[PDB]
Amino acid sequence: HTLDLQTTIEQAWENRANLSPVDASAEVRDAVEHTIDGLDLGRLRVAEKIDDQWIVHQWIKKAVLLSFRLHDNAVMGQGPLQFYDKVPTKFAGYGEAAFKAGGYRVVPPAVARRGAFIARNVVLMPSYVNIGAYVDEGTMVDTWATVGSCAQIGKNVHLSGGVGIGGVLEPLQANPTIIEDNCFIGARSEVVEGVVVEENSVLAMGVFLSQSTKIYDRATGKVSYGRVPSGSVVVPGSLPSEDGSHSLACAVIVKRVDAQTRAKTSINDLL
């Protein structure tokens, strides 16, 4: 029980060049382990929404990074599925009691790392959830989807097949990728680099969003970046060059709906 956990993590970070899996003190190992435990349980989270703005806790990212530095790789598994890594998986040693307490389903061969929070009534189809991620209640993670490090996934989100939510560990100051409540992310879409998809939005298949992806609002004719406004319906499109010789792909907002519409219209029917 550190006197101040954040301060211990921050001073260990400053001392990180001198930390290894052999030389690290019990004090620092316990502080890091306690932080990862808190992430795993959802008592801590890398980013949270305060005063309607997402805030990042850099000290928690430092703990995650120190947890890599403080552990050696170890042989895991057996038979034709041997592995060699330094991050424990989330469900190692779980039995019925632990899984029942968690309230979620893990469909084989889904894997999550220790230090990811998975809420009740989540379904993990074969998929990957990396350390630091937060997957809130009722969310569906479909087959070969990925929830990257530190990503914040809201309640009742649908991550369709092959969807990737990009991790953001470094830079320390950078907010993680955020999918807010009740979003639908269509198959093969990718949202990376701390893009925020606000609540009730719908991404069609094949939408790729990074900080440099142009988001063209069809109704207004305006280009923006980095954020899908709440309730937006987004599809892949393109914008022409000035001389008409070619176009570059972008995302296009083709309409915007409210929460009532999302409850009374199926995703299939929203287009």
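From 1 onward, residues are counted along the sequence shown.
Checked against the record, the higher mean CA B factor of 86 to 94 and 191 to 199 lies with 86 to 94. Of the two segments, 253 to 261 and 14 to 22, the one listed with the higher mean B-factor is 253 to 261 (C-alpha atoms only). The PDB entry assigns the greatest CA B-factor among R114, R105, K155, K100 to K100. Looking only at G79, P126, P176, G164, the residue with the top Cα B factor in the deposited structure is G79. When the modelled residues of the chain are ordered by their C-alpha B factor, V234 lands in the lowest third. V75: CA B factor lies in the middle third for its chain, per the PDB record.
When the modelled residues of the chain are ordered by C-alpha B-factor, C150 sits in the middle third. Per the deposited record, the Cα B-factor of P109 falls in the lowest third when ranked against the other modelled residues of its chain. For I215, the recorded CA temperature factor ranks within the lowest third of the chain's modelled residues.
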